[PDB]
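A lone chain, given as structure tokens: the form deposited in one PDB entry.
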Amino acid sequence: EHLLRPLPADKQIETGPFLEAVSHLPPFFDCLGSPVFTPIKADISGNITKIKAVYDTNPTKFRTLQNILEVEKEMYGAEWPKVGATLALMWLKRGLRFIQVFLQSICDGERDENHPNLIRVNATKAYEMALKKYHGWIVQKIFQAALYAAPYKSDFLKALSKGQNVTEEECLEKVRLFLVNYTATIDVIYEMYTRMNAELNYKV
């Protein structure tokens, strides 16, 4: 189904299942009609790959996301957290949060009444909340190009319903369900980065 696992009480997110779940997200970018999204997809997919690579060297040692941060802090010393899977996940979480905010905004019925069949307001909001603070104007220009090329809302919701024979209402209900464990998970990852002093503010 690709619903994320429920958050456990102890909030320790298992790495493997996490990676398996988020790996289903990049394919949704393909359904969009442009190479102009390939930068945002590639980034998320690239960071997933980096984390999986570290995890696969020792799944036991890296069983949870917290384990990754703990182990790599120990391993890399003062270079940490600008290293390894910690750094990849630092960026991944921002792309995941973008998706979260974008989907939640759409589900919540946020829109520009002048352009109700566009998703520019939702993408902008998501971009400003998740990614913009971490991008210089070169990269922001790359992201605007994807904004202006965003699909129509109706076409976007069609792309998500490629399951199928589903109204836009029903589609949105499925998205709201996905958002529950997804949001919780991303929030927990953010909370972890802050707690572990793993968050960096440098721009790319």
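For clarity, a rigid core is taken as the largest C-alpha set superposing within 1.5 Å between two forms. Sequential numbering from 1, following the sequence displayed.
Although it is not shown, the form deposited in another entry is what the next lines describe.
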Rigid-core superposed between this form and the one not shown, candidates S34, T167, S154, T57; the one over the 2 Å C-alpha cutoff or at it is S34
Sense of CA distance change between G33 and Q140 in the other form, threshold 3 Å:
farther
Thinking of the 3 angstroms or more shift, are the C-alphas of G33 and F143 brought closer or pushed farther apart in the other form than in this view?
farther
